[PDB]
**Student:** 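Mind having a look at this structure? Questions to follow.
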Protein chains: 4
Amino acid sequence: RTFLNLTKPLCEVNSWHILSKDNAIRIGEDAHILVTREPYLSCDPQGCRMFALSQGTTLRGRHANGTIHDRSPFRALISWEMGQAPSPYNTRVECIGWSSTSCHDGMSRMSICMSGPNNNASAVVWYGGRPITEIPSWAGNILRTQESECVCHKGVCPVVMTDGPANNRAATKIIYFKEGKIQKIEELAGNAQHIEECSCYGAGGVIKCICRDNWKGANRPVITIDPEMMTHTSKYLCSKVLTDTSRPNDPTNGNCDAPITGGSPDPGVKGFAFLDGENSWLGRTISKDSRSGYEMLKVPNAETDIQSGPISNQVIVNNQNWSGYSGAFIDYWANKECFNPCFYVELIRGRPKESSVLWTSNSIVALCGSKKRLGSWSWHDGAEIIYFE
Amino acid sequence: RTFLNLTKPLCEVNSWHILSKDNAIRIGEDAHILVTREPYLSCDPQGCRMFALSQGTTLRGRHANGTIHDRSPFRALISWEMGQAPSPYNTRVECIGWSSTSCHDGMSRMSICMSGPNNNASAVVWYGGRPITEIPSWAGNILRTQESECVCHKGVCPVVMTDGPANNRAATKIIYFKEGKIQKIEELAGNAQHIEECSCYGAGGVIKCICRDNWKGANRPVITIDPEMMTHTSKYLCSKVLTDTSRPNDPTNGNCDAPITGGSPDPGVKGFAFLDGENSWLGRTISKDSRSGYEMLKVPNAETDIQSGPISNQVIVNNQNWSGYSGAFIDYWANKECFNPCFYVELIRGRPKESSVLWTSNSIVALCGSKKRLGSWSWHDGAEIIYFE
Amino acid sequence: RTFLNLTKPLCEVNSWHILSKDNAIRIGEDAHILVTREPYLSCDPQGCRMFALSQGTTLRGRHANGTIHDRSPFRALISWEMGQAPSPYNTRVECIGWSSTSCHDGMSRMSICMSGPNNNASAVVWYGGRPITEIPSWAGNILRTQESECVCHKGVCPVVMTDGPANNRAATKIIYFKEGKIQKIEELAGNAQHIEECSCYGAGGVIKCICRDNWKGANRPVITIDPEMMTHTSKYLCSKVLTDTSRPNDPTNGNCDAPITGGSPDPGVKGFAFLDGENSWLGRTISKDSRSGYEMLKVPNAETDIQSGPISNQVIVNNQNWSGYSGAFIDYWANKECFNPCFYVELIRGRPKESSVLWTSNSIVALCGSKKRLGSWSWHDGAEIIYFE
Amino acid sequence: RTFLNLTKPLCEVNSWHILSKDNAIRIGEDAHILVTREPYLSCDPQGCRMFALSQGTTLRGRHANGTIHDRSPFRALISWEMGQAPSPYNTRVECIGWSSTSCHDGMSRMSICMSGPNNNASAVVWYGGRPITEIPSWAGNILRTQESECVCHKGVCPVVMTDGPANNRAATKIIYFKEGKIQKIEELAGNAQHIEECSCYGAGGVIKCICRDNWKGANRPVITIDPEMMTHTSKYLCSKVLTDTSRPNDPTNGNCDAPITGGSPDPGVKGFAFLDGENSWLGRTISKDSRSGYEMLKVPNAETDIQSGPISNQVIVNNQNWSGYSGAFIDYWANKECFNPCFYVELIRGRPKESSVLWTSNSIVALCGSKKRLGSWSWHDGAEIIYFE
Ligand SMILES: CC(=O)N[C@H]1[C@H]([C@H](O)[C@H](O)CO)O[C@@](O)(C(=O)O)C[C@@H]1O
Ligand SMILES: CC(=O)N[C@H]1[C@H]([C@H](O)[C@H](O)CO)O[C@@](O)(C(=O)O)C[C@@H]1O
Ligand SMILES: CC(=O)N[C@H]1[C@H]([C@H](O)[C@H](O)CO)O[C@@](O)(C(=O)O)C[C@@H]1O
Ligand SMILES: CC(=O)N[C@H]1[C@H]([C@H](O)[C@H](O)CO)O[C@@](O)(C(=O)O)C[C@@H]1O
Ligand SMILES: CC(=O)N[C@H]1[C@H]([C@H](O)[C@H](O)CO)O[C@@](O)(C(=O)O)C[C@@H]1O
Ligand SMILES: CC(=O)N[C@H]1[C@H]([C@H](O)[C@H](O)CO)O[C@@](O)(C(=O)O)C[C@@H]1O
Ligand SMILES: CC(=O)N[C@H]1[C@H]([C@H](O)[C@H](O)CO)O[C@@](O)(C(=O)O)C[C@@H]1O
Ligand SMILES: CC(=O)N[C@H]1[C@H]([C@H](O)[C@H](O)CO)O[C@@](O)(C(=O)O)C[C@@H]1O
Ligand SMILES: *[C@@H]1O[C@H](CO)[C@@H](O)[C@H](O)[C@H]1NC(C)=O
Ligand SMILES: [Ca+2]
Ligand SMILES: [Ca+2]
Ligand SMILES: [Ca+2]
Ligand SMILES: [Ca+2]
């Protein structure tokens with residue numbers, strides 16, 4: 001056991017293979033499955049786990065009614081063995097709250113959750129399963145964070161947090177942790193105009209966080225973090241291939257340093273990309289308006305070229321099925337000379353798009369890169385809504 | 001592993017951060033969750049766990065009917081991973097009976113349960129998960145104990161027990177254990193006139209037990225124990241801020257050495273406080289009459305000053321929601337230079353306050369000290385009783 | 001770490017303290033609890049576990065219907081953490097069949113199950129979780145064994161087995177195992193005329209098995225086994241206090257060497273006793289006709305004196321409640337200078353005594369000796385049969 | 001821990017003893033049990049586990065409806081502790097997909113699953129719980145594999161795969177893995193004309209794979225693999241005792257080098273055999289037409305003599321009960337001088353044979369060889385289909 005160092009480059013990726021799928025809604029139709037949303041996966045030296053914000057009720061329970069609501073005193077971050085569906089019997093409570101992140105540094109796991117009222121939230125930072133630090137809201141408006149895993153290097157794990165408006169300038173900070181203790185706090189710098197729900201990974205000693213601009217941009221903000229110097233820079237993804245949801249049609253040219261407006265009717269969704277020159281892949285919903293479908297697009301130089309377009313594609317979820325948030329993770333402890341990109345897609349079921357039921361929940365699908373040319377099919381949730389009526 | 005020694009001082013506390021909530025009643029409305037009461041938490045070198053007295057049925061089961069009853073041959077102390085809800089599938093039986101205490105001495109856990117008929121109860125003392133000692137009733141009237149964790153120092157774990165009337169003078173003893181064997185027994189001494197359900201913690205080589213006087217006082221008795229000499233003193237919390245339930249209004253002056261009587265209609269409830277000069281916090285139900293709401297009041301010198309009032313407060317459970325028992329615990333194995341205060345609140349649902357159902361049970365919330373000034377909100381149970389009708 | 005040696009003497013016993021109780025039937029009214037019968041307990045260096053023969057269905061399942069039947073291809077020996085109820089989620093399948101025994105030699109656990117048709121059953125002997133040895137029926141009539149734990153000394157664990165009529169002379173053997181391999185087989189010798197379902201325990205290098213004579217005696221046969229020499233003798237309990245069920249009134253004198261007959265209407269039930277001169281205790285159903293109630297009786301010199309009677313008694317289950325099989329076990333790995341006797345009572349619910357349901361199952365209660373004079377109460381099953389109607 | 005090698009000989013087998021049975025359909029009538037099919041068992045240094053392809057839904061759930069269907073994005077290979085029934089709470093996801101194999105090389109477990117659309121399937125190869133290698137379909141027609149365990153020798157684990165028509169010549173390959181990495185690929189060679197679903201086992205440094213010819217033969221193809229040279233040969237079982245399902249009556253002579261045609265109405269079923277000169281056993285369904293009943297036949301020189309007939313038999317499942325797939329496995333880590341043959345029988349319930357329900361699933365029974373002459377009885381599933389109507 002030692003601290004993880006981000007000493008390896010990203011593996012070449014040409015295709016995406018299936019890693020895990022929990023079929024939670026299908027199973028939760030009759031088994032005791034907790035309602036969730038905002039899932040992800042995170043790994044450690046022993047393997048990978050799935051994570052999500054429980055709503056403190058089962059899917060078939062009468063308390064599933066009303067779970068469209070994002071914040072309550074009944075939510076908590078829970079983790080479970082990858083592949084299983086989350087039940088009250090197989091899940092570990094990482095922390096209490098309604099927004100979270102988590103990562104392993106090679107020694108222990110840090111987990112963070114925000115809870116409390118809108119104008120007075122606080123974060124609690126846990127390490128090795130114990131509470132270490134507490135951070136009060138600094139802008140009095142829903143202190144909140146990534147909703148996917150953080151990334152560590154030589155013991156130092158940066159985390160992106162925001163507090164302030166969802167539709168206006170907000171106060172974002174990069175907080176650098178070691179064993180759950182604050183090493184440094186920076187205010188967000190650079191040209192990104194709004195930051196939410198960053199999806200982050202590391203490679204070659206560099207951490208990149210592709211985030212959600214909920215205020216103006218249909219293009220995604222990118223923050224580049226040096227976890228050794230504990231400094232960062234920010235801007236937008238340059239590609240004309242817009243990846244936020246509710247975006248206009250892709251334009252002739254993207255914009256590296258300003259948001260591209262437009263889209264209807266959603267201001268944003270969590271998402272991700274892996275940016276590695278020619279070896280760059282962008283995820284997005286297939287629908288430009290809604291959280292339906294999901295596609296991976298290989299867009300060489302998407303980080304630096306406003307003219308970059310797709311040279312290959314892979315449908316992860318067809319546009320006849322619902323998707324949701326998407327984010328990045330990597331099994332940094334794999335026995336490979338490169339760090340292989342993985343991602344998950346949250347498959348939201350229920351409200352508001354399916355209003356024949358009273359609840360909102362999701363299942364999870366996750367895939368990682370392949371150098372091979374693999375065939376594919378749609379990994380939709382798979383549940384029949386009529387069965388819940 | 002080594003014996004825990006109470007060598008550290010209490011951490012400074014200015015507010016309370018969320019530690020855990022199990023949402024047991026919400027989840028138990030449709031998953032297989034045990035009916036409980038008298039819950040608490042207790043930690044060890046590896047972490048913290050939740051404890052409670054099962055009723056030997058699930059919340060939705062037909063045998064949940066009648067569970068307002070406190071004592072039966074179908075109760076047992078159970079423990080389980082912090083944050084999970086107590087099911088028949090994830091709970092460890094610590095011992096059999098209907099009143100208990102438990103604590104880890106740094107090497108192993110000691111667990112104690114009382115069972116039997118009112119006029120002939122006995123305690124069984126467990127250590128390392130094996131029964132070590134048995135203790136028969138000495139006053140033939142519901143031999144009973146703490147209903148929250150005991151505390152250990154150099155292997156010596158004092159426990160406060162009582163046998164005798166609930167509504168008149170009784171026979172309290174402090175029994176000193178090491179590896180589940182009786183080292184010494186003392187009869188209660190000092191100015192506390194009635195002792196029940198003590199909530200105890202350790203700091204700076206001194207163990208403090210804040211208890212319930214079910215006979216006269218609305219102020220809580222306080223026993224101070226020297227675990228090395230195995231001797232003690234007792235009196236009452238000096239503060240005018242009364243913390244028992246069914247208490248009258250706070251008077252102008254409290255009384256260190258005599259009970260402050262009054263209040264209606266109930267003689268008492270298990271509660272707690274941390275007492276450390278200016279760094280003192282008293283918990284109580286917000287209602288002076290019923291087990292509803294729960295608030296933490298910072299009252300400097302509450303332990304010694306009859307005129308001490310609150311300088312701050314934090315609502316833990318709003319007064320439109322049910323509370324219950326409350327008690328102290330500490331993660332004595334945390335990687336801190338001080339012992340940080342934690343507490344839990346039992347959130348009782350069902351009878352007698354909610355008679356639309358035939359059962360009585362509870363969920364749990366737990367919080368710990370923070371040196372920061374954190375925002376707060378209500379951590380009420382969150383179940384809808386109508387769903388159970 | 002090492003093979004257990006039976007070198008310690010039995011602890012002095014003056015009353016019985018509660019060890020465990022699973023409340024399976026109460027819990028199983030709603031939770032997913034397996035139908036069982038023929039339970040017992042058995043310990044190893046880490047702790048104690050509960051055992052029983054599942055019927056391959058849950059209590060509330062439609063397949064619980066018809067579970068009065070003793071033998072099917074759907075039964076198996078399962079073990080689980082002491083105190084929990086047996087569910088499909090927390091039980092380990094030891095082996096497959098419809099008669100069993102099990103014991104730990106200090107290194108690993110041996111478990112044995114018989115299965116197959118009446119005229120052609122077979123035993124499979126398991127060790128450390130792997131199948132070691134198979135034993136075919138020698139008399140073509142329901143090869144069967146103890147239905148409670150065996151006992152090992154220096155790695156040698158003798159097991160008593162019977163093959164032959166239940167209501168006439170049969171063929172009993174003592175098979176000595178080591179690591180699941182047969183070391184020696186002996187034909188039953190001595191004065192016991194019929195042997196079934198032996199309840200065995202060890203002390204001072206000697207193993208005593210108290211059994212059920214289903215053919216003639218209402219007094220119980222006693223087999224004494226020397227595990228080093230691998231030899232034995234047999235006779236009956238001498239006491240006039242008869243302990244099998246469906247017995248006549250206790251006569252003026254018992255008989256050391258021949259069966260005391262009589263009783264109505266059933267030939268036998270599994271039972272046990274601890275025999276240590278003055279320190280001797282006999283368990284039996286309170287009713288002399290049916291398996292109801294259960295009492296422990298201290299009968300000095302029960303093993304040698306035909307006029308020995310009780311000098312103390314403890315009611316374990318009141319005569320208004322159903323009991324069932326009873327058997328011996330000891331936690332040989334306790335941190336004590338003596339081996340402390342323990343026993344369990346099988347609490348049978350359903351058919352044939354409770355015919356308003358279609359199933360037969362049980363719950364378990366277990367107790368151990370105390371040197372103290374402890375109060376007591378009835379530890380009956382606690383389920384309300386009407387809730388299953 | 002070392003790499004396992006196959007130098008030991010097969011144990012002599014004269015009868016079959018019961019190893020395990022999970023009773024999953026009986027139990028799943030009321031507990032939360034996953035719908036499965038294509039089960040098997042596989043062992044490692046610690047013991048054995050049960051495997052199967054889940055359908056991503058419980059047996060009682062509404063999504064059970066439609067589970068006759070073999071391939072969907074909702075299936076996954078799951079493993080669990082031998083003897084338990086597969087629930088959402090005790091199952092490990094080995095990989096995602098609708099065809100699999102798995103085996104332990106003495107150091108870690110390799111698991112492989114195929115998923116994707118019929119024309120573009122892909123395999124993901126896992127080792128030690130991590131994804132290692134991906135393989136795209138090469139014939140573009142349902143790439144598929146063994147549905148029972150693979151076998152490893154000195155780090156090398158051969159796997160047989162097929163891609164192509166089910167009803168005509170297809171493209172079978174042997175792929176040799178080491179730590180999940182491809183060491184070599186071979187096209188099928190020899191006189192076997194069609195290969196599906198091989199049941200494989202090792203002894204004397206040689207792996208034999210007994211398969212299913214779904215195109216022509218009612219006799220079973222046999223593939224002999226040398227795991228050191230990484231080469232193979234193929235032909236058919238010589239015996240007149242035909243072991244596929246939907247076969248004609250046994251002819252007077254079998255055929256070592258060509259398929260024997262006939263039987264109605266089904267083209268084949270996964271099965272197995274142990275081939276060891278005189279010590280040879282063939283399994284098959286009792287019915288020549290349908291997947292009903294199951295018998296083991298000892299047929300000396302079945303691998304080499306076309307006139308070889310049975311010299312003994314054992315009924316495993318009577319012909320009044322449904323059977324299904326059957327396959328081979330061995331506990332190669334047993335403490336024995338020889339490798340003892342084991343096998344399982346999949347017990348299919350529901351569609352198409354039991355059309356009164358909407359689902360298809362199964363339970364499992366497994367047996368291993370014995371040198372003794374043990375009696376036997378039928379180990380059928382035991383659920384009442386009426387209870388599911
Ligand atoms: C802390 C919190 O409530 N986060 C919520 C965020 C915010 O609403 C937006 O990022 C605006 O800040 O996104 C969601 O609401 C959403 O769009 O589904 C889900 C998530 O629970
Ligand atoms: C899951 C689904 O049905 N998605 C469909 C959506 C939704 O019906 C609307 O977004 C509802 O507002 O509409 C589309 O035009 C889109 O947005 O891509 C087509 C897509 O197939
Ligand atoms: C052993 C026992 O019965 N303890 C019970 C005590 C006593 O009744 C009082 O302390 C009076 O002695 O408090 C309760 O009843 C109560 O107030 O809810 C709960 C608890 O179960
Ligand atoms: C949980 C709850 O509703 N509490 C309410 C109680 C209860 O109605 C009574 O205690 C029932 O006896 O009444 C109050 O006046 C009080 O006690 O402060 C107001 C409080 O909001
Ligand atoms: C193997 C077997 O069937 N054992 C059964 C035995 C025998 O019937 C008797 O000992 C007569 O041999 O006792 C029972 O039937 C019984 O009385 O409740 C239960 C047990 O299952
Ligand atoms: C559990 C129970 O009800 N036991 C009762 C039994 C049974 O009813 C009969 O044995 C059934 O045949 O009858 C008694 O006379 C007896 O045996 O002592 C009284 C006892 O209270
Ligand atoms: C990958 C796949 O679908 N395998 C299926 C195979 C193929 O149909 C045949 O081997 C023909 O190739 O056999 C089954 O269908 C069957 O007979 O019950 C079950 C199994 O799921
Ligand atoms: C389980 C069962 O009932 N099997 C019966 C089968 C099936 O009914 C048919 O195969 C359905 O196609 O028919 C038989 O003639 C046979 O196959 O030997 C008799 C056998 O008892
Ligand atoms: C096979 O394993 C055995 C037992 O570990 C070992 O003695 C032998 O050297 C190995 N044989 C080969 C050929 O590797
Ligand atoms: Ca946006
Ligand atoms: Ca009081
Ligand atoms: Ca008898
Ligand atoms: Ca065929």
Side-chain angles (χ1 to χ4, degrees), chain A residues 88-90, chain B residues 32-34 36 44 46 49-54 56 58 74-81 84-97 100 102 108-109 111 113 124 126-131, chain C residues 18-28 31-34 36 39-54 58 76-94 100 102-104 108-109 111 129 148-149 329-331 333-334 342 344 346 362-368, chain D residues 31 47 80-85 87 89-90:
Chain A
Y89 315 132
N90 75 328
Chain B
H32 297 153
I33 296 304
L34 288 168
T36 61
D44 63 32
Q46 277 53 74
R49 290 164 66 74
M50 282 175 169
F51 289 66
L53 298 175
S54 188
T58 57
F74 328 119
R75 305 206 77 174
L77 173 68
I78 46 167
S79 68
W80 66 95
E81 188 180 290
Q84 294 181 0
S87 77
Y89 318 126
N90 70 325
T91 42
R92 169 188 297 146
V93 176
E94 295 287 328
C95 42
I96 310 302
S100 84
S102 187
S108 295
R109 173 167 295 284
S111 289
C113 288
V124 179
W126 297 60
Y127 188 72
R130 294 174 144 93
Chain C
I18 186 63
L19 182 79
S20 191
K21 196 187 189 299
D22 70 354
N23 297 300
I25 305 299
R26 280 167 59 79
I27 290 164
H32 297 164
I33 293 309
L34 298 154
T36 55
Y40 52 101
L41 299 264
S42 183
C43 306
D44 60 31
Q46 268 60 72
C48 296
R49 289 168 66 73
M50 288 177 154
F51 285 74
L53 292 174
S54 173
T58 61
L77 178 64
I78 49 171
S79 63
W80 65 95
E81 180 178 294
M82 177 176 87
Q84 298 176 328
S87 79
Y89 317 127
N90 67 332
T91 41
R92 184 184 326 278
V93 181
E94 293 292 328
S100 85
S102 182
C103 47
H104 205 277
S108 290
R109 174 166 291 287
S111 293
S148 61
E149 77 164 11
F329 73 102
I330 298 182
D331 172 11
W333 300 268
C342 302
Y344 70 90
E346 172 191 39
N362 75 96
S363 69
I364 309 162
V365 65
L367 302 87
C368 300
Chain D
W80 63 97
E81 187 181 301
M82 183 176 68
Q84 293 166 11
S87 75
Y89 321 125
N90 72 324

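All chains are named by letter (A, B, ...) in the order of the sequence lines, taking the proteins before the strands, and each is independently numbered beginning at 1. These values consider heavy atoms only, across backbone and side chains, with no hydrogens, waters or symmetry-generated copies.
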**Student:** Measure the shortest side-chain to side-chain distance between B:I33 and B:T58 over non-hydrogen atoms and say whether it is less than 4.5 angstrom.
**Tutor:** no
**Student:** Heavy-atom distance under 4.5 Å between the side chains of C:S42 and C:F329, does that happen here?
**Tutor:**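 No, their side chains stay 4.5 Å or more apart.
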**Student:** Donor-acceptor pair, B:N90 side chain versus B:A85 backbone, under 3.5 Å?
**Tutor:** yes
**Student:** Taking atom types as modelled and ignoring hydrogens, do the side chains of C:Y40 and C:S100 form a donor-acceptor contact shorter than 3.5 angstrom?
**Tutor:** yes
**Student:** Would you mind telling me which of C:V365, C:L367, C:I364 makes a side chain to side chain contact (heavy atoms under 4.5 Å, CB included) with C:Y344?
**Tutor:** C:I364
**Student:** Partners of C:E346 by salt bridge (charged side-chain N to carboxylate O under 4.0 Å, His left out), sequence neighbours excluded?
**Tutor:**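 Here the qualifying residues are C:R37.
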**Student:** Calculate, to the nearest 0.5 Å, the distance between atoms CZ and CE belonging to C:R49 and C:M82 respectively.
**Tutor:**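 Between C:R49 CZ and C:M82 CE, I get 11.0 Å after rounding to 0.5 Å.
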**Student:** For C:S20, what residues pass the side chain to side chain donor-acceptor pair (under 3.5 Å) criterion, not counting sequence neighbours?
**Tutor:**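 By the side chain to side chain donor-acceptor pair (under 3.5 Å) rule, C:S20 matches no residue at all.
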**Student:** Which pair of heavy atoms, one from C:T36 and one from C:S54, lies closest together, and at what distance?
**Tutor:**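 Heavy-atom minimum between the residues: CG2-CA, 4.1 Å.
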**Student:** Step by step, work out the side chain to side chain contact (heavy atoms under 4.5 Å, CB included) result for B:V124 and C:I18.
**Tutor:** CA-CA 8 Å; B:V124 179; C:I18 186 63; 4.3 Å; yes
**Student:** Test your reading of the model: is there a side-chain donor-acceptor pair from C:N23 to the backbone of B:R75, 3.5 Å cut-off?
**Tutor:** no
**Student:** For a 4.5 angstrom cut-off between non-hydrogen side-chain atoms, does B:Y89 reach C:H32?
**Tutor:**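 Yes, close enough: below the 4.5 Å cut-off.
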**Student:** Do B:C113 and B:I96 come close enough that some side-chain heavy atom pair is under 4.5 Å?
**Tutor:** no
**Student:** Please identify each residue that fulfils side chain to side chain contact (heavy atoms under 4.5 Å, CB included) with B:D44, with sequence neighbours left out.
**Tutor:**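 Applying side chain to side chain contact (heavy atoms under 4.5 Å, CB included) to B:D44 gives B:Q46, B:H104, B:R109.
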**Student:** Using side chain to side chain contact (heavy atoms under 4.5 Å, CB included) as the criterion, list what pairs up with C:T91, not counting sequence neighbours.
**Tutor:**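 Expected list: C:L34, C:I78, C:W80, C:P86.
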**Student:** Can you name the residues that form a salt bridge (charged side-chain N to carboxylate O under 4.0 Å, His left out) with C:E81, not counting sequence neighbours?
**Tutor:** none
**Student:** List in chain and number order the residues that pass side chain to side chain donor-acceptor pair (under 3.5 Å) with C:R26, two or more places apart in sequence or in another chain; answer none if no residue qualifies.
**Tutor:**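 Side chain to side chain donor-acceptor pair (under 3.5 Å) check on C:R26 returns nothing, list empty.
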